[PDB]
Amino acid sequence: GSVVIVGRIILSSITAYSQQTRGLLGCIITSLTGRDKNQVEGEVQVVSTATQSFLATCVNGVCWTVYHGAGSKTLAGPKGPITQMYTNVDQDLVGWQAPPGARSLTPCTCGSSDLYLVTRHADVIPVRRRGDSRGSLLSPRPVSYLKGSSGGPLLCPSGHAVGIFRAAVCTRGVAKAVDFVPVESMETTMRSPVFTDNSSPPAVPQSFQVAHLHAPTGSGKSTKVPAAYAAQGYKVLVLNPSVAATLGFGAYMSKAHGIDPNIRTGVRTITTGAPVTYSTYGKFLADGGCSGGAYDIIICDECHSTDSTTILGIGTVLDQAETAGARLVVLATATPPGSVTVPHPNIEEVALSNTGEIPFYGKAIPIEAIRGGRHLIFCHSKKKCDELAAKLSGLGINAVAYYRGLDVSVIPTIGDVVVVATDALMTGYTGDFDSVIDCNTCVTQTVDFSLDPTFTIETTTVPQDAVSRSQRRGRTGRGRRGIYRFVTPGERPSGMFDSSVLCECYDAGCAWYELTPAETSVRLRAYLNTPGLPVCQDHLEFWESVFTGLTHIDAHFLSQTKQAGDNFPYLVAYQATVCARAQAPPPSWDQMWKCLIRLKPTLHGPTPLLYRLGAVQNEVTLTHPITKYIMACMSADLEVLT
Amino acid sequence: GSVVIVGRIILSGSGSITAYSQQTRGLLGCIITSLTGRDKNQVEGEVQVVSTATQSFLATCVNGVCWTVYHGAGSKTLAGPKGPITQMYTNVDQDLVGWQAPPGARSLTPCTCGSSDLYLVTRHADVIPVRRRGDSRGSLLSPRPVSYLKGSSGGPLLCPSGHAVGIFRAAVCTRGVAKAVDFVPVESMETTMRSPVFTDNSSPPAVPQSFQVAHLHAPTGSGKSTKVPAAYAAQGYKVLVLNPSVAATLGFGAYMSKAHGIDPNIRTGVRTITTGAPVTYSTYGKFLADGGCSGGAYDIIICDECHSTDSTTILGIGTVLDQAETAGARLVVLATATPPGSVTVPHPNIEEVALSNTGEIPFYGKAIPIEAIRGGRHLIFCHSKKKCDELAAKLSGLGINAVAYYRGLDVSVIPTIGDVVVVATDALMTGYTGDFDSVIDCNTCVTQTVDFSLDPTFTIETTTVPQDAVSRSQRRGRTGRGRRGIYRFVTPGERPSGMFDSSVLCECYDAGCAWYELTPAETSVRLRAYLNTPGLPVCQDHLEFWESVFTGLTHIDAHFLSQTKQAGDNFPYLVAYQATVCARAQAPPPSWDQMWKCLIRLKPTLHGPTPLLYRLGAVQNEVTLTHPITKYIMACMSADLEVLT
Ligand SMILES: CC[C@@H]([NH2+][C@@H](C)CC(N)=O)c1ccc(Cl)c(Oc2ccccc2)c1F
Ligand SMILES: CC[C@@H]([NH2+][C@@H](C)CC(N)=O)c1ccc(Cl)c(Oc2ccccc2)c1F
């Protein structure tokens, strides 16, 4: 639904009190109708979605708030839902046209060094400015003190707006300074295009440039356009996250545009001498990155993907391309950050109900819907894929499960089938289906700086974002009339990724691509600094510090964790090395720790724990030098969500 | 707010046990039904998925009764087809409540097998194998992190035939990992069903021939502290009357002599009088400081306001329950207007008025008009000392006699007498005894909770929370006694009464060590008697954990301890113990909050990281974890703990 105004902070010799204008039932109704006829007052609003509550500040006729709170959502209004006027993901900033009633603040022009921050609990916290977007609290406070107050005003002594609060800067869970969105970033935003055109490939510039191509799969973004560029005599590299897609372009480009391209993947390499090459990001990274002068144009396809190989891959291109003699990088995707799922003309969307013989995430699928034909059911976990595949088989429906680890010949490719899959589908298999049935949830990893003793990487199930919905749905409708069936109608905001993904990049750097933490950092820096890409919290220096301390890994353990293909094979193998040399057992005996299975007869005592990568069942000791090193890294200044 | 059926978990009735869920309601549906308490929907299956506004859990129908946990449902009604269904059973001691199964629900039936192979059904329709250890415990065949079990309290444990062994109430964790499950055995449900649904506790018990413990549930001004001790005295019994507050204790004693003709013994820190009479009024605090029950002194002990879950009251009541029989008492009366499971009911003499946004004085997002308080005697409850002062300032500047009250102030600041507005915390109700024209209530308070945070050990978080039914009724009770009274409020909500946090148990050991020269083991015996006595407020059983922690905190510095004591802050033992550890290391305290003011004078000598034992607030200093006491407490964290699920 829409974001809803649930209260306001009135400003007065500076002071504030809060007024709550709506309760829970009123907030929910108004969020669904998008229709709000209440009187609107003040300069600071207290807003809320169904999940999260936070602040918005009106400046120059615009009610501004944080992207991480509001996403791309409408605001409920006197004449129905209000589409965002401005949406700037790079800056964590959105704006609606302020409705009648709202008074705006004026920008602090002159510029104070002593600022005051207004929280959702009407405190006025004094702040000394340091940078353009940072200020320090004169009195350090706990982090929970500032939660719920993102998008609140940062005010100079006269009461003019300096910026809006976006994030707390913490040292060991204690807020000490604040990142805000400066009022000049807002002004820049009010002057940036109504709608840039990104549905048309760039002309190749005389000097280096970075360009954005927004258009759907099979618009020739990865086929037609490299071929046009090649006809003009340019050498082009197309990068893709998928081995299956990458191999497919070979025979397709031969048949369709009479080019027999170079193909580069972990599983299969083809060198023809063509002026077009298709590679995975992963094989690109294993080849050492950008060859000297081999490519004029590098096309980074599916640049929406926020897996660690794609992010490190694209970062490597953005750090190297210019120096290597390229003239053009192209960031290509259908679902750029900030996007929302639009209705698709060739796809009928229909909610599941509780009528049907097959239960599914609290709803039902009727046997008739999937009895014959070819259908794709998306589930969040491997476990659920096996359960559902087995139920379907019990009823005589031809059905098969697919996820990370299975070979993709579990298919079939032709004839009736229900494929029950995780999102591993979206990189392992190219085919389209008569219908897609979507659970509307995924499994993600999140980092938790839990100081017990260090940090924790949690696996968590979450509601899908708009990229997932649009990509999952796009497995029906490619030149066929499709049907998308779903469990729930919403989608969280697109284009954000967790700090665990940064951690994964360093980890793959060490594990696979022979990168030092410093090299990895430089490349991620390049990605982060480039606008239009997915956004994260800047935790580069913290992660670099951590991995920088993890030396003399055991090559054999590393080889095993890589071979087994699970996540964070460096961190896992590093913990195992520490355990084996300390002659101590691992955190538990889960499959995760199988590199250590043969040593089990002699391993004893408490586990020298570095960090938590799942359930820790053994007793722990914190005496290991490496643990002390990582605990010391936790003193880093960390941006946290607010 | 009613509890609402938002879905069901369907169990297979053949082959091996399997489950699946169905959702019957969205968020909005849920909220509206909770408000109206009226539920159109056909209900099916035996396991229901239920929700309040603040949480979701399970309920299992067994023998025509839909059962769930008290920590989830409190005393709330269930939204049904012809409106709200009130609980048929509210067994707070067993963490068990039940409503009559609505029409359409099937019911499980108990196990006749007596089998030891058990299966737990969760809210995600998983069927977890479990082995039975005792009547109420069962171990997981394979440990799991605690969070996959959350939201599944009230769900069933089945035998291989698919009949009911019990309902899931808590995970037993070792350092954040569940090894076993606490459940409510189907016998406890069987008992309950065969026994009465109503019991009377509204009248003072008869004095029995031999030792008995009895409950007295009756309003304030039914003479529970005055009439009933007077009445027992006049039959020739010796009577001790224990109360949490010095003020209330002195108030009653002077009332006794004026009104009932007895000059009683008084026993408080500030005033102690030995008249030889057969009735004695005392605080729980003075009682404990006197060493408890002295033999042959009393026939009858009245533990008044036995709903208080302050550590001195709990320890006081525990001491009495362990000692009274042997000290030769015949009767212990546990007396309260507001016993566990109680609800705030409409009062005849008091008008209850929602606060609006119409008004000139902001108050917790709402408004107070000056009309409402411009003349007369009025009381405003605020949650913090730091909003009591800021609100009384805004009142004073508006031509108003505003006076703040809170812990750490003299009660003589309250005009007796005068035409006044008092702005105060819950400190009021132990400090002052007068009543008012109206009360205005923010419906929130500051509590403490323990987090088994493992960073490195535990954390005592101070937090703000919605008031419970006790706080509501007690706060409202300061007007409407025998005359007009107005109750104005910000929120109509109200949490379940009678539960208290594990932090309170920690306070009990702390106070034992700091005030009453009890070793942790002595303390455990007293608490054990409290927990084991039916009808009193309830908590999780974390006795061995806490005893084991305080058993290691030896050789505290006497001087620091005396200072944390005198300054009246909470956890004076834990605060002084951290400070002692810090000074003997020449290390600074975790921060320079007033909590650590005993170390301020040593500031010039203190350097390096703090050897952190635990967390009692924010930690600004770098910390080290090598102190042996830190290791001891870390060792104590391997204790097997119930956590809420
Ligand atoms: C305004 C800072 C920007 N981060 C920079 C490092 C640039 C970048 N490439 O991300 C930023 C923009 C938008 C958001 Cl939602 C930010 O915060 C989060 C919070 C949680 C997860 C992901 C991003 C953010 F941190
Ligand atoms: C059935 C266990 C019982 N506890 C025993 C130690 C008896 C007692 N005296 O409390 C119990 C009853 C009711 C509830 Cl809400 C329980 O759980 C909580 C959970 C959190 C806070 C307080 C009690 C409970 F743990």
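Counting starts from 1 on each chain and goes along its sequence as written, which need not follow the entry numbering; residues with no coordinates are hidden. For this description, chains carry letters from A and ligands carry numbers from 1, given in the order in which they are written. Here the side-chain values reflect all heavy atoms present in the structure, with hydrogen atoms and water set aside.

For this entry, the PDB record names X-ray crystallography as the structure determination method and reports a resolution of 2.53 Å.

### Quick look at the domain arrangement of chain A
The condition that has to hold: Domain extents, as shown, originate in an automatic or database domain assignment.
According to the domain assignment, chain A consists of domain 1 (1–105), domain 2 (107–190 + 635–642), domain 3 (191–339), domain 4 (340–497) and domain 5 (498–631). Here domain 2 of chain A and domain 3 of chain A have C-alpha centroids that lie 40 Å from each other.

### Section: the domain arrangement of chain B
In terms of domains, chain B is made up of domain 1 (1–108), domain 2 (110–193 + 638–645), domain 3 (194–342), domain 4 (343–500) and domain 5 (501–634). Using C-alpha coordinates to define each centre, domain 2 of chain B is positioned 41 Å away from domain 4 of chain B.

### Here's the deal with the layout of surface pockets
As a reminder of what qualifies: Using protein atoms alone on a 1 Å grid, points that fit a 1.4 Å probe yet trap it form a cavity, whereas open point sets bounded by protein on both sides within 12 Å along at least five of seven lines form a pocket; residues with an atom within 4 Å of a point count as lining. Grid points are joined across faces, edges and corners, and a volume is the space filled by probe spheres set on the points. The helix and strand labels rest on DSSP assignments: H or I over at least four residues marks a helix, E over at least two residues marks a strand, and numbering proceeds from the N terminus. As a working rule, the residues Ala, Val, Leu, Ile, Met, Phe, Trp, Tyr, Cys and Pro are called nonpolar, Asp, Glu, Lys and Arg charged, and the rest polar, with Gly in that last group.
Space inside the second largest pocket adds up to approximately 830 Å³. What lines the second largest pocket is a set of 35 residues, and nearest its centre among them are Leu622(A), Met631(A), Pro456(B), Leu625(B) and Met634(B). Those elements that provide at least two residues to the lining of the second largest pocket are β32 (620–621) and α17 (625–633) of chain A together with β34 (623–624) and α16 (628–636) of chain B. Across the lining of the second largest pocket, the residue classes break down as 17 nonpolar, eight polar and ten charged.

### Points about the site of ligand 1
Residues and elements named next belong to chain A. Test applied: Only a single heavy atom is needed: when it lies within 4 Å of a molecule or strand, its residue is near that molecule or strand. Distance and chemistry together define a polar contact, namely a pair of N or O atoms within 3.5 Å, with one atom able to donate a hydrogen and the other to accept it when in protein, and with adjacent residues in sequence counting only for side-chain atoms on both sides. Computed with the Shrake-Rupley method and a 1.4 Å probe, the accessible areas treat only the protein chains shown as cover for residues.
Taken together, 15 residues surround ligand 1, and among them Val89, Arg166, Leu528, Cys536 and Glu639 come closest. Between ligand 1 and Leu528 there is a distance of 3.0 Å, counted from a nitrogen atom to a backbone nitrogen or oxygen. For ligand 1, the protein covers 85% of the area, taking 560 Å² as the surface of the free molecule. Looking at the shell around ligand 1, its residues break down into seven nonpolar, three polar and five charged.

### Overview of the sheet that holds strand β25 (residues 399–402) of chain A
All names here are of chain A. We count it as follows: Paired strands are those between which DSSP finds at least two bridges. Orientation is described by lines fitted to C-alpha atoms, with helices fitted over the stretch in contact, and by angles between N-to-C directions that extend from 0 to 180 degrees. Contacts are assigned to residue pairs with any non-hydrogen atoms lying within 4.5 Å of each other.
A sheet is described by the order of its strands in space; here six strands give the open sequence β21-β30-β27-β24-β26-β25, paired in parallel fashion. Strands with a single pairing partner mark the edges of an open sheet, and in this sheet they are β21 (347–351) and β25. Across the sheet, the axes of successive neighbouring strands diverge by a mean angle of 20°, strand direction being ignored. Two elements, β21 and strand β30 (residues 482–486), share five bridges in a ladder whose sense is parallel. The residue bridging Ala351 from the neighbouring strand is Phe486, located in β30. Along the sheet face, helix α9 (residues 382–394) touches β24 (374–378), β25 and β26 (417–421) and points at about 170° away from the line of β25. Taken strand by strand, helix α11 (residues 466–473) contacts β21, β24, β27 (435–438) and β30, and its axis lies near 150° from that of β27.

### Considering the pattern of salt bridges
The condition is simple: Only one rule defines a salt bridge in this text: a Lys or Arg side-chain nitrogen within 4 Å of an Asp or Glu carboxyl oxygen. Between buried and exposed lies partly exposed: a residue is buried under 20% and exposed over 50% of the maximum accessible area for its type, with that area taken using a 1.4 Å probe on protein chains only.
For the structure on display, the rule yields 42 salt bridges over all chains. A salt bridge links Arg472(A) to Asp423(A); its shortest N-O distance comes to 2.7 Å. With a gap of 49 residues between them, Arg472(A) in helix α11 and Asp423(A) in the loop between β26 and α10 (425–428) connect regions that are remote in the sequence. Taking relative accessible area as the criterion, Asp423(A) reaches 26% and is therefore assigned partly exposed. Note that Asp117(B) and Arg131(B) form a salt bridge whose closest N and O atoms lie 3.9 Å from each other. One end of the pair, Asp117(B), is in strand β10 (residues 117–121); the other, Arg131(B), is in strand β11 (residues 127–132), with 14 residues separating them in the sequence.

### A short note on the interface of chain A and chain B
Operational definition: Buried area: the sum, over both parts, of the accessible surface (1.4 Å probe) that disappears when the two are put together.
At the junction of the two partners, chain A supplies 33 residues and chain B supplies 31 residues. The contact between chain A and chain B buries some 2500 Å² in all, and 55% of this surface belongs to carbon and sulfur atoms. Three residues, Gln20(A), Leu25(A) and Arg172(A), lead the burial of chain A against chain B; their summed loss comes to 18% of the area buried on that side. Linking chain A to chain B there are two salt bridges. A salt bridge links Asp126(B) to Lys383(A), with the nearest nitrogen and oxygen atoms 3.1 Å apart. On inspection of chain A and its partner chain B, the count reaches twelve residue pairs in polar contact.

### A short note on the packing of aromatic side chains
Each aromatic ring pair is summarised here by two numbers: the centre-to-centre distance and the angle between the ring planes. All names here are of chain A. To keep it simple, the criterion reads: Stacked, tilted and edge-to-face pairs are distinguished by plane angle, under 30 degrees for stacked and over 60 for edge-to-face with tilted covering the rest, among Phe, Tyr and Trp rings (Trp via its six-membered ring) whose centres lie within 6.5 Å.
Taken as a whole and judged by the stated rule, the model has 26 aromatic pairs over all chains. Between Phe497 and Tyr527, the ring centres sit 6.4 Å apart and the planes meet at 80°, which makes this aromatic pair edge-to-face. Pair noted here: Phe497 is in the loop between β30 and α12 (499–511) and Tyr527 is in helix α13 (residues 517–529), with a separation of 30 residues, a long-range link. Neither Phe497 nor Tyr527 differs from the other in exposure class; each is buried. With 4.9 Å between their ring centres and 65° between their planes, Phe542 and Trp543 make a pair best called edge-to-face. Comparing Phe542 with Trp543 shows no difference in burial state: the two are buried.

### Here's the deal with the site of ligand 2
All names here are of chain B. Neighbouring ligand 2 are 15 residues; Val92, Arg169, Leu531, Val538 and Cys539 lie closest to it. Between ligand 2 and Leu531, the relevant distance is 3.0 Å, taken from a nitrogen atom to a main-chain nitrogen or oxygen of the residue. The contact in question runs from an oxygen atom of ligand 2 to an N or O atom on the backbone of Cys539, over 2.8 Å. With the chains in place, 86% of the 560 Å² that ligand 2 exposes on its own is no longer accessible. Residues of the shell around ligand 2, tallied by class, amount to seven nonpolar, three polar and five charged.

### A short note on the packing of helix α11 (residues 502–514) of chain B against helix α12 (residues 520–532) of chain B
Think of two packed helices as two axes; the pair is described by the angle between the axes and how far apart they sit. Residue and element names in this part refer to chain B. We apply this condition: Orientation categories follow fixed angle ranges, with anything under 35 degrees roughly parallel, anything over 145 roughly antiparallel, 65 to 115 roughly perpendicular, and all other angles oblique. Crossings are assigned a handedness: left-handed for a near helix turned anticlockwise from the far helix by less than a right angle, right-handed for a clockwise turn.
At a closest axis distance of 9 Å, the pairing of α11 and α12 adopts a crossing angle of 130°. In terms of their interaxial angle, α11 and α12 are classed as oblique. Note on packing geometry: the crossing formed by α11 with α12 is right-handed. Contacts between α11 and α12 pair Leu505, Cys508, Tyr509 and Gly512 from the former with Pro520, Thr523, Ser524 and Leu527 from the latter. By residue class, the composition of the contact of α11 with α12 is five nonpolar, three polar and no charged.

### Here's the deal with unusual backbone geometry
Residue and element names in this part refer to chain A. With an omega dihedral of 0°, the bond running from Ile411 to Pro412 counts as a cis peptide bond. If you trace the backbone, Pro412 turns up in the loop between β25 and β26. The omega torsion across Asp452 and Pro453 is 5°, close enough to zero to call that bond cis. Along the polypeptide, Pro453 turns up in the loop between β28 (441–448) and β29 (456–463). For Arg172, which is not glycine, the phi dihedral falls at a positive 50°.

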